[PDB]
Amino acid sequence: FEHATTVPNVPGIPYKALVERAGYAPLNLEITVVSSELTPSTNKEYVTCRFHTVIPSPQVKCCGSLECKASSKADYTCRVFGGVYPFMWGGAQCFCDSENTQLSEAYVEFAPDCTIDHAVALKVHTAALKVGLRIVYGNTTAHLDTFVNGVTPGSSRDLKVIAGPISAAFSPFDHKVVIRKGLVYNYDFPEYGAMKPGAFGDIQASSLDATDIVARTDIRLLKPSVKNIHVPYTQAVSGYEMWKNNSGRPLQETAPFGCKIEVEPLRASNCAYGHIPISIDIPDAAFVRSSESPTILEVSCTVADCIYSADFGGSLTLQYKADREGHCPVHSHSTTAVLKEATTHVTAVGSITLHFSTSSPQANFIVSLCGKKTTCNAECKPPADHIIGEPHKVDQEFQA
Amino acid sequence: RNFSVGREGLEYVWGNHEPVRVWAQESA
Ligand SMILES: *[C@@H]1O[C@H](CO)[C@@H](O)[C@H](O)[C@H]1NC(C)=O
C-alpha cells in the first residue's frame, strides 16, 4: 500500500504517523532524518595564494645594445636602462664605461608553501539535496539513503520510497564561493584574466603545478644608482594576505538555518528547512488484519496536568475495555500534539498512562488507540522554564 | 553579553568547544 505524508525536514526528531487501511489493523511508523547532505556542483576555474616575486639575474653588455624580448611568464616585466657601471668586488665588470646598457627582469611565480596554504575559488549551480532516512514499521526497522527530487526512488529489500521536491528551496551559498583550508567564504572573486592589483585573485592558475600561470600585480622597475649591482623593483602588496587580513567570518559561523558546512566535497550537513513530502510503499506482509489484533470496546480520556513546553510536559490516562491482550499503538491525530510512545501493551480491562507534548495553550487534540478516537479537553499553564536544550518538535498553527 | 534567541533557535560557539544549540519557549 502507498502512503504519502508531509514530514517536516528537521533532523534529529522523530515523526510519528499511523496508517489506516480499510480492512486491516493500523500499524505505526516512525521516520527520523538521521542525515541530510546538500551538495552543490562545483568546478575549479583557478587557484590562488601568496606569490613569490622571483627575480632573474641581471646581465649586462659592456657598451653594446639590448632589446626587450616577449615572454610568457606570469606578469613578465622587461625594461632596458642606460649606463650603470656595476661593481661586484673588483670594480670593473665592463669596459667602455659610456652606455653600459643593462637589462632588468621580473616575474611572479607560486610560493613553495602554496601546496597547503592556497585559496581555490568556486562557482556553484542549483544544489540538490540527499537525505538519509531511518524508517521502522511495527517491529521491523530499515535504514535508507535517497535523493530529493521526487523522481529517484529508494529501496531496502522491501520498500519503495519517493521523496521531494522541497517546498521552499534554500541555498546558503552565494554565486561565488571561495575555499581556503576548509573554510568556506561567499566572497565575490574577479573573473579569469581580469586580475585586480592588491585584491583577491591577483595571481591565477588552473592548478598548483600548472605552467599556464597568469597574473599582473604591477611590478615597475627603477633605474639603479648604486655602483654595486642590484635591481630596484617596487610593487603593489599581495592581495592574498590583504584578503586574509580582511577576511570576515566563515560560513561555518554565519550560514542560516544552523548547519555545519563540510568540504571535500563541498556540502551542507544536517540543515533544517521546510518540509519533505515522502510517499512510502509499505509492503503488504507487514500488515495484519483487524481480526488478529484485538480492538477495544470503549475508551475515555482522563487528562492530567499539561504544560505547552518543548519537552514532553503533559500526562494523560486512558481507561479501556478490550477483549484480548494485545499491542495496540497510540497516535494523537492533531497537528499540535505528539506522543512520547508509539505503541503499548493493552490488557482486557484496565488503564494506562501516556506522555505528550504540545505548543498551544489549550488542549483540543484527538487520541486514537487501534482505530477509534476519543477527544481530550484541558488547559495548559505557561512553562516555568525559559530556555530548554531540546528543539520544538511541533509548530503552532494560525490563531490556535 | 545579552543574546536574544528566536523560536527557531540559536547556536553559539564559545571558543574551540562543540557548538551548543538552544531554543526559546513561550513563557509569556
Ligand atoms: C541585559 O539585560 C538585563 C535585563 O534587562 C539588564 O539588566 C542588563 O543591564 C543587560 N546587559 C547588557 C549587556 O545590556
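Residues numbered from 1 in each chain as written, not as in the entry; some residues may be left out. Chains lettered and ligands numbered in written order. Part of a larger assembly, values for the part shown. Heavy atoms only, no water.

- For this entry, the PDB record names cryo-EM as the structure determination method and reports a resolution of 5.84 Å.

With respect to the UniProt feature "disulfide bond" in chain A
Residues and elements named next belong to chain A.
For step 1, the next point in the chain: In this model the sulfur atoms of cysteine 259 and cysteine 271, a pair UniProt annotates as disulfide-bonded, sit 2.0 Å apart, close enough for the bond to be present. With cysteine 259 in the loop between α2 (251–254) and β19 (260–262) and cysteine 271 in the loop between β20 (267–269) and β21 (275–281), this residue pair connects regions lying twelve residues apart in the sequence.
For step 2, the next point in the chain: The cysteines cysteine 328 and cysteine 370 that UniProt joins by a disulfide are bonded here; their SG atoms are 2.0 Å apart. Of the two residues, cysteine 328 is situated in the loop between β23 (314–322) and β24 (330–332) and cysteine 370 in the loop between β28 (366–369) and β29 (373–375); the sequence distance between them amounts to 42 residues.
For step 3, the next point in the chain: Residue classification places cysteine 328 among the buried residues on the basis of a relative accessible area of 1%.
For step 4, the next point in the chain: Judged by relative accessible area, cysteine 370 falls into the buried class, the value being 10%. (Disulfide = S-S within 2.5 Å. UniProt positions renumbered as here; feature names shortened; annotations may be inferred. Helix = DSSP H or I, 4+ residues; strand = E, 2+ residues; numbered from the N terminus. Buried < 20%, exposed > 50% of the residue type's maximum accessible area, 1.4 Å probe, protein only.)

A closer look at the packing of aromatic side chains
Residue and element names in this part refer to chain A.
For step 1, the next point in the chain: All told, the structure shown has eleven aromatic pairs over all chains when counted by the stated rule.
For step 2, the next point in the chain: A ring pair is formed by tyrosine 46 and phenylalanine 189, whose centres lie 6.1 Å apart and whose planes are at 70°; its orientation type is edge-to-face. On the criterion of sequence distance, the pair formed by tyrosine 46 in strand β4 (residues 42–48) and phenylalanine 189 in the loop between β14 (183–185) and β15 (203–204) is long-range, its members being 143 residues apart. No difference in accessibility class separates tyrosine 46 from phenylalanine 189, as the two residues are buried.
For step 3, the next point in the chain: Geometrically, the ring pair formed by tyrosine 85 and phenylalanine 87 is edge-to-face, given 6.0 Å between the ring centres and 70° between the ring planes.
For step 4, the next point in the chain: Ring pairing ties together the aromatic residues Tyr185, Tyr187, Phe200, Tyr240 and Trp243, which thus form one cluster.
For step 5, the next point in the chain: Looking at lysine 227, its charged tip hangs above the ring of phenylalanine 87, at a distance of 4.9 Å from the centre.
For step 6, the next point in the chain: For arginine 289, the ring lying beneath its charged end belongs to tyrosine 24, and the centroid distance is 5.9 Å. (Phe/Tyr/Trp six-rings, centres within 6.5 Å; stacked < 30°, edge-to-face > 60°. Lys NZ or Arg CZ within 6 Å of the ring centre and 35° of its normal.)

Quick notes on the pattern of salt bridges
All names here are of chain A.
For step 1, the next point in the chain: Tallied over the full model, the rule gives nine salt bridges over all chains.
For step 2, the next point in the chain: Where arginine 21 meets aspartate 284, a salt bridge forms, and the shortest distance between an N and an O atom there is 2.5 Å. Of the two residues, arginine 21 is situated in the loop between β2 (14–19) and β3 (27–39) and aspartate 284 in the loop between β21 and β22 (296–306); the sequence distance between them amounts to 263 residues.
For step 3, the next point in the chain: Its salt-bridge partner being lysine 123, residue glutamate 45 comes within 3.9 Å of it at the nearest N-O pair. Separated by 78 residues along the polypeptide, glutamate 45 in strand β4 and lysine 123 in strand β8 (residues 119–124) bring together distant segments of the chain. (Salt bridge = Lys/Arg side-chain N within 4 Å of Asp/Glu carboxyl O.)

Examining the interface of chain A and chain B
For step 1, the next point in the chain: Between chain A and chain B, the residue contacts involve 20 residues of the former and nine residues of the latter.
For step 2, the next point in the chain: Buried surface at the junction of chain A and chain B, summed over both partners, amounts to about 1,300 Å²; 49% is from carbon and sulfur atoms.
For step 3, the next point in the chain: Among the residues chain A hides against chain B, the three largest losses belong to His386, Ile387 and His392 of chain A. Together they make up 32% of the total.
For step 4, the next point in the chain: Of the residues in the side of chain A that touches chain B, the class split is ten nonpolar, seven polar and three charged.
For step 5, the next point in the chain: In this sheet, strand β2 (residues 20–24) of chain B lies alongside strand β31 (residues 387–388) of chain A in antiparallel orientation, the contact comprising two bridges. If you follow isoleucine 387 of chain A over to β2 of chain B, its bridge partner there is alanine 24 of chain B. (Contact = heavy atoms within 4.5 Å. Buried area = accessible area lost by both parts, 1.4 Å probe. Nonpolar A, V, L, I, M, F, W, Y, C, P; charged D, E, K, R; others polar. Pairing = 2+ DSSP bridges.)

A short note on the pairing of β3 of chain A
Residue and element names in this part refer to chain A.
For step 1, the next point in the chain: Where β2 lies against β3, six bridges are found, and the strand directions are antiparallel. In the sheet register, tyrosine 15 faces β3, and the bridge partner there is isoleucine 31.
For step 2, the next point in the chain: Sheet analysis places β3 next to strand β9 (residues 128–137), joined by ten bridges and oriented antiparallel. Paired with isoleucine 31 across the strands is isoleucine 135, a residue of β9.

Re the nonpolar core
A general tendency of soluble globular proteins is for nonpolar side chains to be buried together.
Residues and elements named next belong to chain A.
For step 1, the next point in the chain: Core analysis: the biggest nonpolar cluster contains 57 residues, and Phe110, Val177, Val184 and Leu266 have the highest contact counts within it.
For step 2, the next point in the chain: In this view, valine 177 contacts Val120, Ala121, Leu122, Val124, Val184, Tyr185 and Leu266; residues no more than four positions away in its chain are not counted.
For step 3, the next point in the chain: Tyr308, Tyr320, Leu354 and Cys376 belong to the second-largest nonpolar core, a separate cluster that totals 25 residues. (Core = buried A, V, L, I, M, F, W, Y, C linked by side-chain atoms within 4.5 Å.)

Structural notes on the pairing of strand β7 (residues 102–110) of chain A
All names here are of chain A.
For step 1, the next point in the chain: Most of β7 is tucked away, with seven of its nine residues classed as buried.
For step 2, the next point in the chain: Sheet topology note: the strand β5 (residues 51–54)/β7 ladder contains four bridges and is antiparallel. Paired with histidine 52 across the strands is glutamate 109, a residue of β7.
For step 3, the next point in the chain: Pairing analysis gives five bridges linking strand β6 (residues 77–81) to β7, with the strands arranged antiparallel. In the strand pairing of β7, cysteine 78 is matched with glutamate 105.

A few points about the sheet that holds β22 of chain A
All names here are of chain A.
For step 1, the next point in the chain: Spatially, β22-β23-β26-β25 is the arrangement adopted by the four strands of the open sheet, whose pairing is antiparallel. With partners counted over all chains shown, the strands left at the sheet margins are β22 and β25 (337–339), one partner each. Taking the axes of each pair of neighbouring strands and ignoring which way they run, one obtains an average angle of 35° across the sheet. (Axes fitted to C-alpha atoms, helices over the stretch in contact; angles between N-to-C directions.)

Notes on the state of the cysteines
Residues and elements named next belong to chain A.
For step 1, the next point in the chain: In the structure shown here, the tally under the stated rule is six disulfides over all chains.
For step 2, the next point in the chain: A disulfide bridge connects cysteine 49 with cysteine 114, and the sulfur atoms are separated by 2.0 Å. Between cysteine 49 and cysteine 114, the disulfide has an S-S torsion of 85° and is therefore right-handed. A residue pair is termed long-range when its members are at least 10 positions apart, and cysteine 49 in the loop between β4 and β5 and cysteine 114 in the loop between β7 and β8 qualify at 65 residues.
For step 3, the next point in the chain: The buried category is assigned to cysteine 49, whose relative accessible area is 1%.

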